[PDB]
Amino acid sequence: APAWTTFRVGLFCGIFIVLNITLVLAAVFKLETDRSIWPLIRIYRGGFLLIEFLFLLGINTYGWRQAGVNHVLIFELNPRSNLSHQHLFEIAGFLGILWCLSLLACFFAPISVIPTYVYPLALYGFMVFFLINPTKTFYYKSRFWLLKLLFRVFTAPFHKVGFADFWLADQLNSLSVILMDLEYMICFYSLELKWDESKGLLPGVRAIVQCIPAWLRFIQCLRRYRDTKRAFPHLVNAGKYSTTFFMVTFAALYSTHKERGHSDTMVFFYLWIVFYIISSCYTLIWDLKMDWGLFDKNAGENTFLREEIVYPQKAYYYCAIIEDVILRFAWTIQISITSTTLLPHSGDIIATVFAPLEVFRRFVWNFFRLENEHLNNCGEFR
């Protein structure tokens, strides 16, 4: 990597560190001390999740490069113009600097007479303008590749599913909090704030939006089954993704019936609980048996792992396995809380804590999914 790239990575990291310390101090001492904080870190939560995801994805790229996993060939990339982990760190640091500046501007109202609620819009809009910038200036190859991939993923059944499409769609499952926060931002900027006072910091559709990434992966799996006509690897995981639909709709029904105090609430509660188990198991086993390929028959000397191990220490696997089992359930509940009103008290704390943990779980999942895809042609993308 170029020396200036490493310098910019370090510069962005240092600015981000100092701005995080300043942000913590300003929040502790001089935020409002009485008004509220929740509407602020629910708009900024999605941006923070995106920055964290980019940083962890740079870590993933470094791990794949060191371990010998050919993620360039798996993602169908040219081995001469791809992004290193340095560039991912650089993008994450720059976006984190913008996020910290926007949040500090929200904290420090007397900066100007400009309303506070325009600061989030200046951030996310910039994140759009950076992404869809057609001037061929900043990471134009990678940005155009990502835009094409997003178009293919969101128009899911009408395109052949390569590894990149499935990977991005399955990672949108971990980033669904971003979509929920976008919906919340639309609702807040349509019906909540006053648009004339500094009320950015205050003194049904949601359930359907929660299942959008699961819907994309479900229709992708249906398309894969249609193309390949293999019932086992392409319909079992379709049911795995549909368990998310069932859990979300049962949680929504429970919340709606409990809002009116109906007698059917219980007859739904247990149902949701059952699916809360099934989904949590259905996604978990696929993570450990199909995504990662562990618990193989020909384990050999390695215990509970496969015959071939790419990463230097097998211990990295075992904790990861535990981590997955710990966080998969933590993911599942994090959905039901976010898409419904299951916990009118708390809930925001639970989602705000579990969403970074879900991104971390996806980050850990990437290592071994790519390791499996490299060693054995799992997913059958050739």
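Residue numbers here begin at 1 and follow the sequence given. Throughout, rigid core stands for the largest set of C-alpha atoms superposing within 1.5 Å between the two forms.
After superposition on the rigid core, the larger root-mean-square Cα deviation in 7 other deposited structures of this protein belongs to 255-263, not to the other of 231-239 and 255-263. For 110-118 versus 302-310, the mean Cα distance to the shown form in 7 other deposited structures of this protein after rigid core alignment is larger for 110-118. In none of the other PDB entries of this protein that model the residues around it does residue 157 lack coordinates, well short of a third. Figure legend: residue 203 is marked as unmodelled in at least a third of the other comparable entries of the protein. The modelled chain is continuous from residue 79 to residue 80, with every intervening residue of the deposited sequence accounted for.
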